[PDB]
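Have a look below at one chain only, the form deposited in one PDB entry, in structure tokens format.
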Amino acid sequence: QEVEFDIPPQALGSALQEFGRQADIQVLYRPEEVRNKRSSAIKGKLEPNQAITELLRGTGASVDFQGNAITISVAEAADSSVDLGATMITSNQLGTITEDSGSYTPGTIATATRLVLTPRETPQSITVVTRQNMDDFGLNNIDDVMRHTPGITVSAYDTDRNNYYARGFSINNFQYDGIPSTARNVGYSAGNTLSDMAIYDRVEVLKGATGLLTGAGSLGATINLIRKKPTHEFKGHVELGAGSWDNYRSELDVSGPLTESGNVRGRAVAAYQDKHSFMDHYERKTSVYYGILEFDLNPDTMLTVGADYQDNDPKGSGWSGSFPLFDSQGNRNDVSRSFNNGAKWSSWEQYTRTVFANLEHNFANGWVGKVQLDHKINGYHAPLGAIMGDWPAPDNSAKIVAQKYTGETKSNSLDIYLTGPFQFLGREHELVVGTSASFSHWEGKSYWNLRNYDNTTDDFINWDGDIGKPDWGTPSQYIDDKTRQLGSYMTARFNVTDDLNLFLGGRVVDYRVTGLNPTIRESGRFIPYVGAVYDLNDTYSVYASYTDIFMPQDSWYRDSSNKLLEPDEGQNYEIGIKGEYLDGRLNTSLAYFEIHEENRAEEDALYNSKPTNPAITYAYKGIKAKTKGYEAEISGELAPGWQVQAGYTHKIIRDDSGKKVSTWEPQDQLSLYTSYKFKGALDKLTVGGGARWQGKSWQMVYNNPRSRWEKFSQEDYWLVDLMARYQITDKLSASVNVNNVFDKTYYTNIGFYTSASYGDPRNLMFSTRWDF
């Protein structure tokens, strides 16, 4: 709607970048097309579509309107067949904004290489949950979003930490606006499983091996969370929502110019949720605040400062799973879904805050430069207490384990990178060159030396949490770990023919972990990136890529010889076809992929049976493992009011024993979410539904009292979601989400330290949203 403009005549490139910014729109244009042209002048309050054609007057260019993006083209009377994936310079370095897109398919993405590219242009598997997907299905945190992310599996560690798999691996890579955090372990990583969606536009998941931009990390995927940004027109909303088990949420979101001109601009959000739970004596309050100002130092240099804050504060936390699998004498426990072995006072509170600043500058080259500075904090306060062990006993008694960890991790990050186009053999290519540095320092207290506590409870079947709290005594331990990561990376994207694009890149990495453990050092490790995309028609392209990642091992993973295991490493091999329909409004992909892992830490049973090096007491073994699997997906418009996201993934991961692994992650899964917007008499109603199926999953767990291994299975099952919205008024709407319609009872954890967790029963959520 009607924006305030001011673009004086200049290089058409500069104008287009200046426009994207002022319009809150992404502008894509091909450098060689706009290079010897200038904009015509525009001034005043205008509608962006009128505005742009006025800007383009005299230039001979056409506009393609596409949601939150415009692409500019310069048609010739010539043309010999088209360059569908021609080098395109872009006005927003993170991609197209999904807020208000009306869509479940992303626009353009930078998660792969730092280069702004469409899913069809990216030679990796990239899934995105958009802002509208999030709104329609009430996905209010990262757990909700992973549960709705095709190809991800969410399993429980305990009431306050989940695990995300892809392709056989636990995901342990998180970025925010494309900047990796340190996630070496749960010390560094407080709150990562729990971020509220209130401050984010979309989460984008890059599946495979993602070393190129993550640096040191896990195989499986990177999760990239893009923050909400300020806008040039005023707007916002308030939201109220009320759900099953005394689940209350509120949320405020405000955005706009802060000066009469528009040269300073801000966005603020605050969200608060207080919920109980189907689980007995578990409650959890969450708080979030967020604020960001953008300042135009001048028409091609912008400074951003912002901060965010999230507190997650539960009662009734468990340490591991909701209940023990086996009783004192070895029989499987049968307990209600409400069972919670957490104590009343038990809490794993987790907090996160960031202070951050950017500087982004446009060189009249058409090259853009960007510096990103971060102060991150990840803190935890964890007085835990939870029935654990083979219980109850015959007289219905049980025993509690209690320990207390507190601590904070402080992180500092510098990320700097240049990106731009270049001519080579008569054609346009582009390149990114960046360097990065992060130092993060985990400091902590632990307590396990309980003074004079009676950790037995008189009654299991009716356990309440109603147990005393111990005297924690003095600290048992002080933690002091320091990680330093340093990167340099470079990727070229060569437009080789009119249907072939070749990716040649790499990261060199220096990684040092310091402190109470023997220093862990990796110098000059190379991480290769090779990719290709071949256009087939107006619609389909094939792609192949070879990609890599590593993580230096945790310091307790030493071998026979008391020598740290080589880094845990893998390569992703992928070949696929990707389809594009309705000018980018609908995307399909079908991929085959193979992960080759090497140096996967494993127990070393033959040494462990009777150790023989005085140096080590419990060695590990570095083995190879494989993932073989295929994946298909669709997202976007199936017909005018009709949006979907859906996926199908098949996997089996084996290790050098030949035995299946990550067998809790099902071998097959499907997701399908959809909504429909009626027209005519009922254009104000949006109706929606969803299904997630997964096939058999299992775990070998050891039944101590009987001295035998057992197989625990989860037979395949469906979960059904439904959804409706009614826009009663221009400014006000109502919603209902029913989740797990058929109240399926199933498991989200079997065998995590010999325990189990249930999935959510059927739950409802009612919301109003009010847009100013």
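Each form is matched to the other, and the largest set of C-alpha atoms that superpose within 1.5 Å is called the rigid core. Residue numbers run from 1 along the displayed sequence. Only residues modelled in both forms are compared.
What follows is about the form deposited with a partner chain bound, which we do not show.
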property	result
is_contact(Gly187, its partner chain) in the deposited bound form, heavy atom dist at most 4.5 Å	yes
Contact test in the deposited bound form: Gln403 vs its partner chain, heavy atoms, 4.5 Å	yes
Contact flag, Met388 vs its partner chain in the deposited bound form, heavy atom cut 4.5 Å	yes
Non-hydrogen atom contact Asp554 with its partner chain in the deposited bound form at 4.5 angstroms	yes
4.5 Å heavy atom contact with its partner chain in the deposited bound form for all of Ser277, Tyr717 and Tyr747	no
Residue stretch of 416-424, 313-321, 514-522, 583-591 approaching its partner chain in the deposited bound form, non-hydrogen atom distance within 4.5 Å	313-321
Heavy atom within 4.5 Å of its partner chain in the deposited bound form - residue from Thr301, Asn396, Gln477, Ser338	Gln477
Heavy atom within 4.5 Å of its partner chain in the deposited bound form - residue from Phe234, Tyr248, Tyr630, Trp448	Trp448
Residue from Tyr546, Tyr581, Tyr289, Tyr188 whose Cα, after superposing the rigid core, lies 2 Å or more away between this form and the one not shown	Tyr188
In the deposited bound form, whether the C-alpha atoms of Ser413 and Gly187 sit closer or farther than here (change of 3 Å or more)	farther
Distance trend in the deposited bound form - C-alpha atoms of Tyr188 and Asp548, change of 3 Å or more	farther
Runs in sequence order between this form and the one not shown, three or more residues long, with CA shifts of 2 Å or more on the rigid core	1-75, 186-189
